[PDB]
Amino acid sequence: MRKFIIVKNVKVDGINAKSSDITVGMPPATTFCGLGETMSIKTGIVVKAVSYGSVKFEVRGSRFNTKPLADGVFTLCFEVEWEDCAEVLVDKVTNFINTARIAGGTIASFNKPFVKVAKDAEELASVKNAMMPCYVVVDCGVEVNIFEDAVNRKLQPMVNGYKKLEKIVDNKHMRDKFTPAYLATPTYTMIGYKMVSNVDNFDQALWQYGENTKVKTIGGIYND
């Protein structure tokens, strides 16, 4: 919990809004975890976690009559390990965003990346508020299942990982014949959205990969 780089107003065109057979809209936390992981690989920077928020978002055809495509604007925040400089980080990140994709859609513009630092829990709230304004995604857990929870808790299902179903036997068509490959199906959690400044503990908005082919937050299930 020391160093974070923030990228406000990442405008993205032609997002593939479909993240599973039953979820269409906001790209799940897996997607933004994959974005940070991809950045780490290409830039050699160590990315610990990512908070992301919604600024604007619209599935095409859902506001006015005119596969499911969307467009929106996000604010991103990467928890990072880096001491080599401050703007050499800001430049490596700029360079990567310019050509990165978010759920298949192209970045059209973003504010300039900047670096924020936290020495304790209290500075961590300043990192959080530097994302304003945006609605970040926090993990509310599953009580019963995503269907019952969607009706009764009025919360929003979100892909949070995958269950491996079977190992792939013949890698004929597989891109990569050394990495272990699995037939898999998405798993879900329930999420809620918070105006960042209203998040009590920023750890609970910082998403990263975890055990058993899931993503989760550093601080666990969201609690007010």
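Position 1 is the first residue in the sequence shown; the rest follow in order.
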* Asked: With respect to the deposited sequence, how many residues separating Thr66 from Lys67 are not represented by coordinates: none, 1 to 3, 4 to 9, or 10 or more?
  -> 10 or more
* Of 42-50 and 183-191, which one has the bigger average CA B-factor? -> 42-50
* Structure fact -> Quick note on 197-205 and 21-29: per-entry mean CA temperature factor is higher in 197-205
* Structure fact -> From the entry's CA B-factor values, the highest among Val151, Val117, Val137, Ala103 is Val117
* Name the one of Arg60, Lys167, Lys163, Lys56 with the greatest CA B-factor according to the PDB entry. => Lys167
* **Record-listed C-alpha B factor of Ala86: chain third** => highest
* Asked: Mind checking which third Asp71 falls in for C-alpha B-factor across the chain?
  -> lowest
* Structure fact -> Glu79: C-alpha B-factor third of its chain, per the entry, is the middle
* **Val142 - which third its CA temperature factor falls in, relative to the rest of the chain** => lowest
